[PDB]
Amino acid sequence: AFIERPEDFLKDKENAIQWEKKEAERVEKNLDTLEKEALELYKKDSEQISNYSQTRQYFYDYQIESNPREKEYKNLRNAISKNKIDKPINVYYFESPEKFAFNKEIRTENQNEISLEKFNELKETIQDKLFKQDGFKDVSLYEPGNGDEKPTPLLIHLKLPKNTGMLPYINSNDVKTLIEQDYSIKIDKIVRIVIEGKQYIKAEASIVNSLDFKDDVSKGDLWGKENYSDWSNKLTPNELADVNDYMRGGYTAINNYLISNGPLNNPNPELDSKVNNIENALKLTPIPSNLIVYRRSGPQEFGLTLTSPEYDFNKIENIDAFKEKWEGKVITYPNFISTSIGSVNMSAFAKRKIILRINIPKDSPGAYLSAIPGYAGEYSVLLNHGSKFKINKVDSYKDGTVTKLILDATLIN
């Protein structure tokens, strides 16, 4: 071994384990009793603690605040985010292909080979997509090899950047590594490899960071006010008139005009003027970072109604049919569309079942409207008319007894 660790231990399992063991010993010096307690509980109940860490943000603020699971979540997250790596490191872990919206077996566990058909199917499915990752996850510093456990045919080989939080620790005989996923994954390349007489797909992956405030609406609002106090003074009086008209409830007429293709079917020069100014207003201060926003969609955006049998997502077949129709598809909104920096549920859309979780690239047209006094309570970001969103992945979760859907999507224009 060298005096300095490599960025990737590769198949050097013996040096990876020894290095991470030293690292576990060193970080033990920096964890307080509450953090050590958090780690111990995690060892004893990892699956449920990880599950909670993935969906805790989607409930009412007061439901989140009252959940006793918050203590474990916050304390374990503190433990992790505190040991930041000072240069990149590559990690290894297995995923279900379903995680990247490949809702079939790549091969069965008793098959040893992977067909060219399946390889190409997978490639087309996970090509050109950012996949949002959340929650606690155990990873390995070395590539699984002969006599390592290999639960699926899909091995992720992930490059983590400098300042990534990672918690090395020991669980009885084993040296482990905990991270909290808080980024999107891009699959740069896939390759078929062989480990111990079986074919696996190895996915060469990297991350894209975005601001994701989740349930921390106060922080998101601070960020929004910080970046959009200016904006409201930068508008021509025409633009300011036209955006308050929109916000003050003009949106319904303006958006119906757009959705009905009025500009072409039945031009109305006044409305076209309003559409134009609102668009120019959204280009005035483009979204200053990569940013995750959330929208609770009405079923009509996905061709359903309240009484559609297909909107009953408590039945798995309806989830499958939804995925078959929408997952991997690109959708377009002729209307201007509102989103929030917050993921929390709210009274006004408490029962909506379809949540869009949207990655907005830096410099996209958009505005934090809750910098403009009068309507702060929504923590709103308005997106430009004609936006296109690629749906990368559909997840589901329980809100009480009601199954709801999370649509991992990316703004692509």
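Counting begins at 1, following the sequence as shown.
Across the two stretches, 123 to 131 and 174 to 182, the PDB entry reports the greater mean Cα temperature factor for 123 to 131. Look at the C-alpha B-factors of 334 to 342 and of 108 to 116. On average they run higher in 108 to 116. Note on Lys82, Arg296, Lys87, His157: the highest value goes to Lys82, judged by CA B factor as recorded. Of the candidates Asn75, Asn268, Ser140, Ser206, it is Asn268 whose Cα B-factor is highest according to the PDB record. Per the deposited record, the Cα B-factor of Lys71 falls in the middle third when ranked against the other modelled residues of its chain. When the modelled residues of the chain are ordered by C-alpha B-factor, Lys353 sits in the lowest third. Per-chain ranking of the deposited C-alpha B factor places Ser53 in the lowest third.
Per the PDB record, residue ranking by Cα B-factor puts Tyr251 in the highest third of the chain. In this PDB entry, the Cα temperature factor of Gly303 sits in the middle third of its chain's modelled residues.
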